[PDB]
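A short write-up of the structure that comes next.
By convention in this document, chain letters (A, B, ...) are assigned in the order of the sequence lines, proteins followed by strands, and residues within each chain are numbered from 1.
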Amino acid sequence: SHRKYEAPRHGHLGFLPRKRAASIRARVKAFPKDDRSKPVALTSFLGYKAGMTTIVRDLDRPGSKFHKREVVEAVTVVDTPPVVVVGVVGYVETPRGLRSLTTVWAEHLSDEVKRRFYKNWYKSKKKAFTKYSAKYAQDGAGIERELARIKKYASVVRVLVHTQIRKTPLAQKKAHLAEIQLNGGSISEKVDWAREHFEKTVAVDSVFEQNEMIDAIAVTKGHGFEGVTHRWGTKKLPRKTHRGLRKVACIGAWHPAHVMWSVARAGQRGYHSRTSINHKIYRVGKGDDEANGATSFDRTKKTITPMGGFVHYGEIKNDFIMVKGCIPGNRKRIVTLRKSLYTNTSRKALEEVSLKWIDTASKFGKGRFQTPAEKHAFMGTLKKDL
Amino acid sequence: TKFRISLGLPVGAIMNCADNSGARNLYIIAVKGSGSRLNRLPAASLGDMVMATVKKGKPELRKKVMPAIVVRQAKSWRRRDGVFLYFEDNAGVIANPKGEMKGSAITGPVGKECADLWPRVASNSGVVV
Amino acid sequence: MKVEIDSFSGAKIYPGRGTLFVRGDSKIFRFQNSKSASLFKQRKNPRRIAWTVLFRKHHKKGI
Amino acid sequence: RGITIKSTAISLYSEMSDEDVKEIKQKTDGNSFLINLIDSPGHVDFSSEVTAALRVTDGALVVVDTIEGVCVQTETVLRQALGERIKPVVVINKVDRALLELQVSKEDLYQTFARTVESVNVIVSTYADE
RNA sequence: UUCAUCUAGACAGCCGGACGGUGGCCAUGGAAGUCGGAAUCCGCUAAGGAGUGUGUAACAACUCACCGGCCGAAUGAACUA
RNA sequence: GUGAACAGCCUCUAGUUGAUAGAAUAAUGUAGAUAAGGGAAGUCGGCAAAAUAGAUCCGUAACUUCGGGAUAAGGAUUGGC
RNA sequence: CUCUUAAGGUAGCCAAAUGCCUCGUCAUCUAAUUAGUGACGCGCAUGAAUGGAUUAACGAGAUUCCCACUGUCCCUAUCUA
RNA sequence: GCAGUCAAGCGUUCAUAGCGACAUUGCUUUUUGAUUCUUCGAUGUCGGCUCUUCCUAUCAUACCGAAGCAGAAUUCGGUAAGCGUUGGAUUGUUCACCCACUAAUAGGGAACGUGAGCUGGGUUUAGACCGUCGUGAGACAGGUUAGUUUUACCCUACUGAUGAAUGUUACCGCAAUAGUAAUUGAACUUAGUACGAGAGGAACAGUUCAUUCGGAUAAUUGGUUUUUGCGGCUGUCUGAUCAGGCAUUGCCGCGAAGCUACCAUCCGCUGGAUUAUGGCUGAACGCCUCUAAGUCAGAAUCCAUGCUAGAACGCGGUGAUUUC
Ligand SMILES: Nc1nc2c(ncn2[C@@H]2O[C@H](COP(=O)(O)OP(=O)(O)OP(=O)(O)O)[C@@H](O)[C@H]2O)c(=O)[nH]1
Ligand SMILES: [K+]
Ligand SMILES: [K+]
Ligand SMILES: [K+]
Ligand SMILES: [Mg+2]
Ligand SMILES: [Mg+2]
Ligand SMILES: [Mg+2]
Ligand SMILES: [Mg+2]
Ligand SMILES: [Mg+2]
Ligand SMILES: [Mg+2]
Ligand SMILES: [Mg+2]
Ligand SMILES: [Mg+2]
Ligand SMILES: [Mg+2]
Ligand SMILES: [Mg+2]
Ligand SMILES: [Mg+2]
Ligand SMILES: [Mg+2]
Ligand SMILES: [Mg+2]
Ligand SMILES: [Mg+2]
Ligand SMILES: [Mg+2]
Ligand SMILES: [Mg+2]
Ligand SMILES: [Mg+2]
Ligand SMILES: [Mg+2]
Ligand SMILES: [Mg+2]
Ligand SMILES: [Mg+2]
Ligand SMILES: [Mg+2]
Ligand SMILES: [Mg+2]
Ligand SMILES: [Mg+2]
Ligand SMILES: [Mg+2]
Ligand SMILES: [Mg+2]
Ligand SMILES: [Mg+2]
Ligand SMILES: [Mg+2]
Ligand SMILES: [Mg+2]
Ligand SMILES: [Mg+2]
Ligand SMILES: [Mg+2]
Ligand SMILES: [Mg+2]
Ligand SMILES: [Mg+2]
Ligand SMILES: [Mg+2]
Ligand SMILES: [Mg+2]
């Protein structure tokens, strides 16, 4: 017989399987469509989620009941140190998909990126790329021919870049290596861009701008084995239920005489690769620029780092991208931010935010003070110091 | 017309009658503009128009359904400006389907969004928030 | 925007922080945290709770 | 509602110049006039108060829309004025409407006025006694 | 398969006429071909129904049967499986 | 000892330290709890849970077999020195 | 006025744990009630120690409503063993 | 139960806008019958809750054709199952009825889906009362009350999780295949405009929100307390103090972290081909004709862009590859 009461399905079948991602770094499965008139530029960047805070900004939304007055908005801050270009990968179009023709790496690789190629760095002999570095003996004749093949072929060109993770407070110490597609015309210039940029750093200012809508690709926070009630949002069974109530009552009809893929069942929740789109950047702040967390209306000399440091992450000392709302992944986790795959014109994009105030109070509690100066000015003299 | 306000008055809630129409409380039975979902109770927020009955009040106001407008919520809700606020009690005013109040005066404050949504409630209100 | 003042303890309230309570007499009470909110609902005296700025002023602390 | 349901009297004071008082084919004296103005209702459902208004007055301000032209009620309300021997003066209204909506370029506006007056004058011609 | 039109000009196509007795009789508040019952006539006729429809309160005004003008060779209808 | 008390809790004499253990703390369970706003809208059904609770003082209805109902209901107080 | 019995259900009571029709009719209770209560009674098939009716008090008896109360639920979440 | 053919008539005229008699042709197996083929060394028998999928005989939403379509509203129909289809009073109930919101509260199957998923209100053991029937034991699709819902650790299915082998190991990639997602409403403006005598009353474009769903996330707010973190309190014990033990976490207030809440916040993409349909040229059939050749636009459709997984016997590139 019929369900007797219609209700929307619990969970989304397009996010299957709900398994652990194969890597702690989420894969960028699509890059922006290449427009061969624009200059050569990175279409993505590599950063690490530091934490969240709040801001105040005037809402610029004509037609809204609440236009031109102040809104408090949550923002996620991602530490984004400049990425070092260490390679170049070419992809030629084949009737079976894209295929990597060849990859040309930089002459000298830092131990940070070399650590990625070892599971046991402490006892290794660090022989990686030592014969490859000999390819640059006198003129790099093999290298220039290898790049020439990329120009003659390889309709898609990607640079191999790695995070400068020793600049982050993370104890990881091992960089994350990823391929970023080079958009912009004249593929030959793409290889010229990559070859010129070997061993060179690329800053987040050259990828992202204020007010830009970007895509967050990250592996969500893992939660281990989870019951159906929280994994899918299924209704809790009554208290009277025997053998437990945090279950799905009917997992299938008699026929088909099988459990169907569409039935919510217990398993791993989280640690999934997600690509969340249309998150607006509110800040592209600079690590060397003291008073990061200040705005044109505050001017107070305070960095973006909250009082006592970002909880579970540490202090931010590099370039950071502040996005509106939240992004997949937890603190300290590698995240990749890419360009929007389309041109969004809906007055939520193209809306030019100007921050009025940034919350720098401690996230380690019910923070009362933005800066240590304010704490002294409020409480006055203490017995320990001050 | 209104941003989403944390619902704190599901169907069956009894709130204080805030006008001078002679009723002492309103018993919510439905919410205008409420959605549909299996097992989900329709719930009212600040400024919402509901259908209500008079449980205590003047005898001719009782035993019949009438529109009401919620003027105080008492359930913490979040404005866009970050302020989580709530009143001391739940309170609404009897009104016609067109939003015009049956009574002539307000006892207690009135929510900002309720005053914005209903000019008659705003006009009969004193201090707001 | 403009920083408000906790009605119970006198602590500065920054945008988005704490809670707001409108009494039946329409009086506004802004609380910087659940501790101050709970103490106010418990009806403790700010003059008597030893860490509030009003207590410190009444006892000539800090000045 | 947006409609007129009654006929309310209002009194108006009007000063003018000497040069147009000379342009009057009526025995007059002075330079000031007093107007007793009635706002009749347009609906046929309230077409009795306009009869009361017409009896208590002597002139009729026949307002005509240039968009809709001569309507059924303009037919009716002017007929009763002519039955009471009321002299009508016609004003063509909503010319702004025709100039933003109909986009009449140079001659269509003149022709609408021409057709309007002809249709109005037909009404007074056949319902006027000698 | 059967029956019809057809170089003395078939079908289709486009164009012209579609009258007079006469607003036929009776009814109808009005009924003039065209709300109705009945009468389904005559004359001029290449031809026109006491009308094929639209339409008017009723007239009117178009339209169609009907006959012609242009082209010149096939065409139409009803059935069978 | 607290306490009206052989109630519950702690201690003195006496007795025992006997139940296979070690490591983590997934789901679902068993047992114990808490939860903003609403307050039975859940459900066959207030099932389960919560709420009340001791003592002192005030006050206590309908009905009644006059004996009760009755701790009716409804209230106020309680520490230390 | 009849047919008819041993006598033809009296006092009482009822859609009652007894009424099919039936979710009976009216009133009240609710926003809405096959529930509850108060009435009516040609009552399939109520009824007088096969005891009728009414009863204070009592009941881990069945049912209805109200206040309070609360995760029963909106809508789930967290913690401990 | 649903759908057709003919058209005497209804529909002011007018068989076919919408209907449609007398007849007649069918379809379906959510009705109930008919039968007794399977099951009596036993397929757990109603209803509700939960959850998934499927059908379309489509209530709403998308695009349209027709009207006895002026507007609005409404009615008939087409492509269409993509996406929704509720909260409650009574009753075990399915069903029914009413209140109310809603865009709508469409109909159904999946062993009349679903009891080693629950519950047990009903039916349907044994106890008990009443009415009727019976001399009686007892009977009642008559009413009422109480009445044990057992087992998974096996295989498969599903959800997750490892894993030998391809020289080894490590990194960066491709995407065959499989899945897929967004839904709907309100307000302002157009505009009191089109239309209409009037009453009334749109629609395209644009803007701000909201509903349902989905995926994340904890800046703030709320919850959570074994942080047994601080403080307070009771009883007892350590001679008193200080400091503490016990009261199965002794209780109370606050409480950071983590987890978590439409109880909190953010986000949820755009190109083509098509269906119905409306058309272009143009015969068949000197005319006509959206159709026959050909062709334009066009739906919540389909396929793609995008998102998820990465074939563990699909593949590529790249680094190092055991002086002993
Ligand atoms: N655009 C435009 N609108 C006009 C003009 N004149 C009148 N109107 C519209 O016509 C409507 C009716 O006019 P009003 O004067 O307000 O009232 P009224 O004409 O008396 O109508 P009733 O009271 O019902 O008889 C108004 O609401 C105007 O919007 C005009 O000149 N231009
Ligand atoms: K059997
Ligand atoms: K917390
Ligand atoms: K102690
Ligand atoms: Mg359904
Ligand atoms: Mg049980
Ligand atoms: Mg914190
Ligand atoms: Mg339900
Ligand atoms: Mg907290
Ligand atoms: Mg007027
Ligand atoms: Mg006629
Ligand atoms: Mg004692
Ligand atoms: Mg609660
Ligand atoms: Mg509460
Ligand atoms: Mg209450
Ligand atoms: Mg209920
Ligand atoms: Mg229910
Ligand atoms: Mg109980
Ligand atoms: Mg008492
Ligand atoms: Mg009593
Ligand atoms: Mg009797
Ligand atoms: Mg009876
Ligand atoms: Mg009764
Ligand atoms: Mg009830
Ligand atoms: Mg008896
Ligand atoms: Mg069996
Ligand atoms: Mg079985
Ligand atoms: Mg169909
Ligand atoms: Mg079954
Ligand atoms: Mg089963
Ligand atoms: Mg079972
Ligand atoms: Mg039972
Ligand atoms: Mg007997
Ligand atoms: Mg969630
Ligand atoms: Mg001890
Ligand atoms: Mg054509
Ligand atoms: Mg064709
Ligand atoms: Mg593989």
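- Checking H:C254 for Watson-Crick or G-U wobble geometry (two distances, each under 3.5 Å) identifies H:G229 as its partner.
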Under 4.0 Å protein heavy-atom contacts per nucleotide of nucleotides 68-81 of chain G, with B for base, S for backbone only and - for none: ----S-SSBS----
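- Atom CZ in D:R97 sits about 10 Å away from atom P in H:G192, given to the nearest Å.
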Between the protein and nucleotides 70-72 of chain H, which nitrogen or oxygen pairs are less than 3.5 angstrom apart?
none

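- Within the 3.5 Å criterion, the main-chain N or O of A:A30 finds a donor-acceptor partner in the side chain of A:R338.
- Pair assignment for G:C75 gives none, since no Watson-Crick or G-U wobble pairing has each distance under 3.5 Å.
- The side chain of A:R18 sits closest to H:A216 out of H:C158, H:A216, H:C51.
- Residues forming a salt bridge (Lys or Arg N to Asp or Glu O under 4.0 Å) with B:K75 (at least two apart in sequence, or on another chain): none.
- When the P atom of H:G268 is taken as reference, atom CG of A:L341 falls 13 Å away, rounded to whole Å.
- The nearest whole Å value for the distance from the CD atom in A:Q268 to the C1' atom in H:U308 is 14 Å.
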Contact state string [nucleotides 220-225 of chain H, B base, S sugar-phosphate only, - no protein heavy atom under 4.0 Å]: BSSS--
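- For A:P8, the listed nucleotide lying nearest its side chain is H:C213; candidates were H:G200, H:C266, H:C213.
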Heteroatom pairs (N/O) under 3.5 angstrom, protein to nucleotides 92-97 of chain H:
from  : atom 1 : to   : atom 2 : distance (Å)
H:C95 : OP2    : A:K4 : NZ     : 3.1

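- Sorted by residue number, the list of members of residues 19-30 of chain A with any non-hydrogen atom under 4.0 Å from RNA chain F is empty.
- As rounded to whole Å, 12 Å separates atom P of G:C66 from atom CZ of B:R62.
- A:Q181 meets the side-chain contact (heavy atoms from CB on, under 4.5 Å) test with A:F31, A:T43, A:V156, A:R158, A:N183; sequence neighbours excluded.
- In this structure, CZ of A:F15 is placed 8 Å from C1' of H:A181, rounded to the nearest angstrom.
- With centroids closer than 5.5 Å and planes inclined by less than 30 degrees as the test, A:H12 and the base of H:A181 pass as a stacked pair.
- Place A:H242 and A:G267 on RNA chain F by their nearest nucleotides, and A:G267 ends up nearer the 5' end.
- With its glycosidic angle more than 90° from 0, G:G51 adopts the anti conformation.
- In this entry the distance linking OH of A:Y5 with P of H:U85 reads 12 Å, nearest Å.
- Among the nucleotides H:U193, H:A216, H:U208, the one closest to the side chain of D:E101 is H:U193.
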Audit row: B:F87, C:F21, ring-ring contact (aromatic ring centres under 6.0 Å, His included) steps and yes/no: CA-CA 6 Å; B:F87 288 87; C:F21 175 48; 8.9 Å; no
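- Residues that satisfy the ring-ring contact (aromatic ring centres under 6.0 Å, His included) test with A:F364, not counting sequence neighbours, are absent from this structure.
- In the displayed structure, A:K135 atom NZ is contacted under 6.0 Å by at most 12 heavy atoms of other residues, nucleotides or ligands.
- At a non-hydrogen distance threshold of 4.0 Å, A:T220, A:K221, A:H223 from residues 213-227 of chain A come into contact with RNA chain H.
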List every contact pair, protein side and nucleotides 163-165 of chain H side both N or O, where the distance is under 3.5 Å.
none

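- Between the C1' atom of H:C209 and the CZ atom of B:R80 lies a distance of 14 Å, rounded to the nearest Å.
- Within the nucleic acid shown, A:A249 comes within 4.0 Å of at least one base atom, counting heavy atoms only.
- With a cutoff of under 4.0 Å to any heavy atom of chain A, the contacted region of RNA chain F is bounded 5' to 3' by F:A26 to F:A48.
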CA sep, side-chain torsions, deciding dist, call: C:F31, C:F40, ring-ring contact (aromatic ring centres under 6.0 Å, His included): CA-CA 9 Å; C:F31 299 115; C:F40 174 83; 5.1 Å; yes
Could you tabulate the donor-acceptor pairs under 3.5 Å formed by side-chain atoms of residues 239-259 of chain A, not counting sequence neighbours?
from   : atom 1 : to     : atom 2 : distance (Å)
A:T241 : OG1    : A:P238 : O      : 2.6
A:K247 : NZ     : A:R243 : O      : 2.8

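- Here H:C99 presents its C1' atom at 14 Å from CE of B:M66, a figure rounded to the nearest Å.
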